[PDB]
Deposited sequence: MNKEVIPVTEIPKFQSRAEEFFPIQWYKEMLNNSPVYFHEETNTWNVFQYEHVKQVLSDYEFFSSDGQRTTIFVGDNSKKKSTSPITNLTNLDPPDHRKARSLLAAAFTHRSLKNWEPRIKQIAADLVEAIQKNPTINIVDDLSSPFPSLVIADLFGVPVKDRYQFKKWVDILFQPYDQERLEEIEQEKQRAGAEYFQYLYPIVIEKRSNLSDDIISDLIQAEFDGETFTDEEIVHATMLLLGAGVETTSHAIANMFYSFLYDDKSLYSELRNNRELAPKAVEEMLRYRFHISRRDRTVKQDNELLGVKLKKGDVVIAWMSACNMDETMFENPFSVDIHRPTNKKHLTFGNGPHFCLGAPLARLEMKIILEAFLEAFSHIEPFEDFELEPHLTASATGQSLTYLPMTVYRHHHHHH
């Protein structure tokens, strides 16, 4: 049973759903452990409850009958999760993340080089939408000619057709790489082994589709919302980053705490318990609202303000917590750092369009509402 999580807050505007800080403050102050009769869900907003739901799989299972949304990795609890996680993790080593940085830098340099003389840019079409698709295509090892945005657009049934077309495209590339191994994700998934078990070629195609669904639109949203913040939240932050070019990672971590909305994951209660202060029964569904708990003043001082120097920022739960903690988190942080650093090198100052209207430039997405357009005036020094 697909649970329509959109019906819990019932937002009055796309703009509110895009940045629901008023609703987070209401739930944290008045209703932090909230039973929603219409969806038959429990809803938790406080940092210590959200963290417990995400990680304590003995009590809060990822593999229940009801959900908020090809290996089903995200739907497995330990012990069955260990093999799937280990085989996919073979493509996300410390060595690969080190080797990816100069490749991702090249891609960012080319995207920014295309807009370097622009008086005005559109973050979405010029940067946030193409960049994570161009990156994942390079990291997969796709032929240079195919270097792909189309796929994830369509991968959003339209869905049956698109998945069958991706499969026919990639299946012969995996077979080819099995005989012709290179430093790319597909080659690392071919060589992966757990207790003598390996992926089949078909499983590797599915693994790449899971990585596309996990890592493209999420990263696009995170980048667009970071640039949104520089225009609309702390308008002095961009200047601070220009003045000290080592601050990019701190800025990325604060934009993942402050401007990624809405982050929520569901679990199914596995055993009766009152760990969240209320009696729950086996089969109950709990939604953990990570974006809300990222503004819990018990963990984050001055939580409704941008502060890239807040020493707790690295504790945000935008990537989850526990066994399912985002496999892509290092890559996501690297992509956001590299695109921000390339942008800072090109542009001395950015300004919003006085006439930009948010409501007409938001569309429904898996995370709530996403920018369709984000204009800015840019300057060079």
request  = List in ascending order the stretches of the deposited sequence, numbered from 1, that lack C-alpha coordinates.
outcome  = 1-3, 73-85, 164-165, 175-186, 412-416
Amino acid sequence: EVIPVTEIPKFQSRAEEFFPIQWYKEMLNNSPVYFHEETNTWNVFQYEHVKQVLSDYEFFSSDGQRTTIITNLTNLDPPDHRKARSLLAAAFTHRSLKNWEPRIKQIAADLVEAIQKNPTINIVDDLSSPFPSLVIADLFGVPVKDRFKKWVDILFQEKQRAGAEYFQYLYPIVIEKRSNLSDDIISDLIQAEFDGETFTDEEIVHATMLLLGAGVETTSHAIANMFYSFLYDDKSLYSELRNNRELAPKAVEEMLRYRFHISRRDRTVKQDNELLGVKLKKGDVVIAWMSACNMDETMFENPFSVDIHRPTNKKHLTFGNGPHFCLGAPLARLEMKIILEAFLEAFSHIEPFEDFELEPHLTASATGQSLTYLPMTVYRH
From here on, numbers count along this sequence of modelled residues.
query = Of the two stretches 56-64 and 319-327, which shows the higher Cα B-factor on average in the entry?
reply = 56-64
ask   = Per the PDB record, is the mean Cα temperature factor higher over 185-193 or over 121-129?
value = 185-193
ask   = Say you rank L210, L111, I173, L276 by Cα B-factor from the PDB entry; which sits at the top?
value = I173
query = Per the coordinate record, which of the options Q46, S348, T312, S31 holds the highest CA temperature factor?
reply = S31
note = In terms of its chain's C-alpha B-factors, the third that includes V152 is the highest
remark   = Assert third(CA B-factor, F304) within chain per record equals middle
task = Rank-wise, by C-alpha B-factor, drop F167 into the lowest, middle or highest third of its chain.
result = highest
query = What third of the chain, by the recorded C-alpha B-factor, contains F199?
reply = highest
task = Just say lowest, middle or highest third for the CA B-factor of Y24 relative to the other modelled residues in its chain.
result = middle
